[PDB]
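coords_21.cif (mmCIF, C-alpha atoms)
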data_my_file
#
loop_
_atom_site.label_atom_id
_atom_site.label_comp_id
_atom_site.auth_asym_id
_atom_site.auth_seq_id
_atom_site.Cartn_x
_atom_site.Cartn_y
_atom_site.Cartn_z
CA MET Q 1 61.67 81.33 97.86
CA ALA Q 2 65.23 79.90 98.19
CA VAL Q 3 68.11 80.78 100.54
CA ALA Q 4 71.33 82.15 99.05
CA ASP Q 5 74.64 80.69 100.35
CA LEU Q 6 78.16 82.02 101.07
CA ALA Q 7 79.40 80.29 97.86
CA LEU Q 8 76.79 82.16 95.71
CA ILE Q 9 77.87 85.57 97.14
CA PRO Q 10 80.14 87.35 94.54
CA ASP Q 11 83.64 86.56 95.87
CA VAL Q 12 85.63 89.44 94.28
CA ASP Q 13 84.42 92.56 92.44
CA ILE Q 14 86.92 95.40 91.94
CA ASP Q 15 87.74 98.20 89.48
CA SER Q 16 90.98 97.77 87.38
CA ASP Q 17 91.66 101.20 85.72
CA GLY Q 18 94.16 102.98 88.04
CA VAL Q 19 94.58 103.64 91.78
CA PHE Q 20 91.62 103.32 94.21
CA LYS Q 21 90.87 102.10 97.77
CA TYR Q 22 89.61 98.68 98.88
CA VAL Q 23 88.35 96.74 101.93
CA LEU Q 24 88.32 93.05 103.03
CA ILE Q 25 85.00 92.12 104.68
CA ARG Q 26 84.09 88.89 106.48
CA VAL Q 27 80.57 87.59 105.82
CA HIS Q 28 78.79 85.14 108.18
CA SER Q 29 76.20 82.55 107.06
CA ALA Q 30 72.81 84.26 107.54
CA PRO Q 31 71.11 84.72 104.04
CA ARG Q 32 67.31 85.25 104.44
CA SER Q 33 67.87 84.47 108.18
CA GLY Q 34 67.51 80.77 107.12
CA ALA Q 35 71.02 79.57 106.09
CA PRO Q 36 71.86 75.98 107.28
CA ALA Q 37 75.12 76.85 109.16
CA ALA Q 38 77.27 79.61 110.77
CA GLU Q 39 80.32 79.29 108.51
CA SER Q 40 82.12 82.49 107.34
CA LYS Q 41 84.18 83.70 104.31
CA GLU Q 42 85.80 86.96 103.15
CA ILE Q 43 85.04 89.09 100.06
CA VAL Q 44 87.20 91.67 98.28
CA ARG Q 45 85.75 95.06 97.16
CA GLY Q 46 87.38 98.28 95.93
CA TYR Q 47 86.27 101.00 93.51
CA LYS Q 48 87.22 104.57 92.53
CA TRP Q 49 83.84 105.83 93.87
CA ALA Q 50 84.82 104.67 97.41
CA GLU Q 51 87.32 107.48 98.15
CA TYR Q 52 87.34 106.03 101.73
CA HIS Q 53 87.23 102.38 102.94
CA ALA Q 54 84.16 103.11 105.11
CA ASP Q 55 82.12 103.81 101.93
CA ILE Q 56 82.63 100.28 100.56
CA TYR Q 57 82.24 98.70 104.04
CA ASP Q 58 78.85 100.43 104.53
CA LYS Q 59 77.63 99.82 100.93
CA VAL Q 60 78.72 96.18 100.80
CA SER Q 61 77.47 95.34 104.32
CA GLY Q 62 74.16 96.89 103.13
CA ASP Q 63 74.02 94.45 100.17
CA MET Q 64 75.10 91.49 102.34
CA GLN Q 65 72.47 92.37 105.01
CA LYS Q 66 69.81 92.69 102.24
CA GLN Q 67 70.73 89.08 101.29
CA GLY Q 68 70.47 88.46 105.09
CA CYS Q 69 74.12 88.21 106.25
CA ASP Q 70 76.12 89.90 109.05
CA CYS Q 71 79.58 91.30 108.14
CA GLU Q 72 82.73 93.08 109.41
CA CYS Q 73 85.64 94.85 107.65
CA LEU Q 74 88.73 92.91 108.81
CA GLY Q 75 90.74 95.88 107.47
CA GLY Q 76 91.43 97.63 104.16
CA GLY Q 77 94.13 99.24 102.03
CA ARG Q 78 94.77 100.68 98.56
CA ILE Q 79 95.01 98.97 95.15
CA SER Q 80 97.32 100.32 92.43
CA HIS Q 81 97.85 99.11 88.86
CA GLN Q 82 101.41 100.25 87.98
CA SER Q 83 102.44 101.16 84.40
CA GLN Q 84 105.69 99.08 84.20
CA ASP Q 85 103.82 95.68 84.28
CA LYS Q 86 100.12 94.70 83.78
CA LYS Q 87 100.06 93.31 87.39
CA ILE Q 88 97.95 95.10 90.06
CA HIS Q 89 99.30 95.53 93.63
CA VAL Q 90 97.53 95.63 97.04
CA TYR Q 91 99.19 97.59 99.89
CA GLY Q 92 98.83 100.28 102.58
CA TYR Q 93 96.23 100.14 105.37
CA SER Q 94 92.72 101.49 106.00
CA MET Q 95 92.98 104.76 107.95
CA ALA Q 96 89.70 103.63 109.67
CA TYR Q 97 90.13 99.82 110.02
CA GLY Q 98 93.92 99.13 109.83
CA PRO Q 99 95.73 96.79 107.39
CA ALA Q 100 93.70 93.95 105.89
CA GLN Q 101 95.20 90.48 105.40
CA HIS Q 102 96.13 91.49 101.81
CA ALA Q 103 97.38 87.88 101.34
CA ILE Q 104 93.64 87.00 101.12
CA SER Q 105 93.16 89.64 98.41
CA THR Q 106 96.01 88.23 96.30
CA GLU Q 107 94.75 84.61 96.73
CA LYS Q 108 91.15 85.67 95.93
CA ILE Q 109 91.96 87.92 92.94
CA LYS Q 110 94.43 85.41 91.38
CA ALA Q 111 91.74 82.68 91.58
CA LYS Q 112 88.93 84.93 90.23
CA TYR Q 113 90.94 86.38 87.24
CA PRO Q 114 89.34 89.92 87.26
CA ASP Q 115 92.47 91.15 85.33
CA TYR Q 116 95.69 89.02 85.16
CA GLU Q 117 97.90 88.57 88.29
CA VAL Q 118 98.46 90.57 91.50
CA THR Q 119 100.97 91.01 94.36
CA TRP Q 120 100.99 92.64 97.83
CA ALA Q 121 103.32 94.22 100.37
CA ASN Q 122 102.76 94.61 104.14
CA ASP Q 123 103.87 98.28 103.81
CA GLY Q 124 103.04 101.50 101.87
CA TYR Q 125 99.95 103.73 102.32
#
Starting from the coordinates I provided, produce the structure as C-alpha cells.
Amino acid sequence: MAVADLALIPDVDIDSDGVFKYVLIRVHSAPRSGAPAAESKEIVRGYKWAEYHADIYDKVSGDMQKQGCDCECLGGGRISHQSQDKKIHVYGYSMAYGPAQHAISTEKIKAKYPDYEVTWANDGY
C-alpha cells in the first residue's frame, strides 16, 4: 500500500462543450488516513450532468473521502463557453454555497490547459 498526496489528486477536470455548472472544493491532507501533513488545496469540477452545484460537491467529496480526504465547497458558479471567441468564462454564484473565488478557477484552468484560455467576472448568474 502507498498513500496518495494532494499533488497526485486531479487538480482540474471539467466539461468544455457549452454551458454547465461548477464548484470549487477545498481538500485537506488525509489520504488513507496516513498523509504526512495537514496542508490543503482547491480543485475545480463542473459538468453538464451536475445540473446543481450540490451534485458535484457530493460526488467529488465522495471520491476525495474514498481516497481518504476531508473537503468543503468554498462556493460555486456557472461556466460558459461563448461562441464569439474560443475562451471559456467562469461567473455567477452557487445558489447553495455562494460565489466561489473564481480567480482560483481561472489560475487553475489556465495552468492545466483543459481547453485554451479562460476569464471570470465577479457578477452574472
(request) Can you work out which one of Q:96, Q:109, Q:30, Q:56 has the shortest atom-to-atom distance to residue 11 in chain Q, counting only C-alpha atoms? (result)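 Of all the options, Q:109 lies closest to residue 11 in chain Q.
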Can you turn the PyMOL selection byres ((chain Q and resi 34) around 12) into a concrete residue list for this file, as a PDB file with C-alpha atoms, in the frame of the given file?
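Saved as part.pdb:
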ATOM      1  CA  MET Q   1      61.670  81.330  97.860  1.00  0.00           C
ATOM      2  CA  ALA Q   2      65.230  79.900  98.190  1.00  0.00           C
ATOM      3  CA  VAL Q   3      68.110  80.780 100.540  1.00  0.00           C
ATOM      4  CA  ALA Q   4      71.330  82.150  99.050  1.00  0.00           C
ATOM      5  CA  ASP Q   5      74.640  80.690 100.350  1.00  0.00           C
ATOM      6  CA  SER Q  29      76.200  82.550 107.060  1.00  0.00           C
ATOM      7  CA  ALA Q  30      72.810  84.260 107.540  1.00  0.00           C
ATOM      8  CA  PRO Q  31      71.110  84.720 104.040  1.00  0.00           C
ATOM      9  CA  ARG Q  32      67.310  85.250 104.440  1.00  0.00           C
ATOM     10  CA  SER Q  33      67.870  84.470 108.180  1.00  0.00           C
ATOM     11  CA  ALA Q  35      71.020  79.570 106.090  1.00  0.00           C
ATOM     12  CA  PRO Q  36      71.860  75.980 107.280  1.00  0.00           C
ATOM     13  CA  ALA Q  37      75.120  76.850 109.160  1.00  0.00           C
ATOM     14  CA  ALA Q  38      77.270  79.610 110.770  1.00  0.00           C
ATOM     15  CA  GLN Q  67      70.730  89.080 101.290  1.00  0.00           C
ATOM     16  CA  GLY Q  68      70.470  88.460 105.090  1.00  0.00           C
ATOM     17  CA  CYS Q  69      74.120  88.210 106.250  1.00  0.00           C
TER      18      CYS Q  69
END
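Note that CA of residue 116 in chain Q and CA of residue 26 in chain Q are 24.3 Å apart.
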(message) So the first atom is CA of residue 76 in chain Q and the second is CA of residue 62 in chain Q; what is the distance between them in Å, to one decimal place?
(response)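 Distance between the two atoms: 17.3 Å.
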(message) Let me make sure I understand: among Q:61, Q:80, Q:50, Q:10, which one has the smallest atom-to-atom distance to residue 112 in chain Q if we use all atoms listed in the file?
(response) Q:10
(request) Find the distance between CA of residue 88 in chain Q and CA of residue 6 in chain Q and write it in Å to one decimal. (result) 26.2 Å
(message) Here is a test: counting only C-alpha atoms, which residue of Q:107, Q:72, Q:115, Q:123 is nearest to residue 93 in chain Q?
(response)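 Answer, going by the shortest atom-to-atom distance: Q:123.
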(message) Need the shell around residue 52 in chain Q: protein/DNA/RNA residues with any atom at most 10 Å away, counting only C-alpha atoms. Skip same-chain ones fewer than 2 positions apart. Format as a VMD selection string?
(response) chain Q and resid 20 to 23 46 to 50 54 to 57 76 to 78 94 to 96
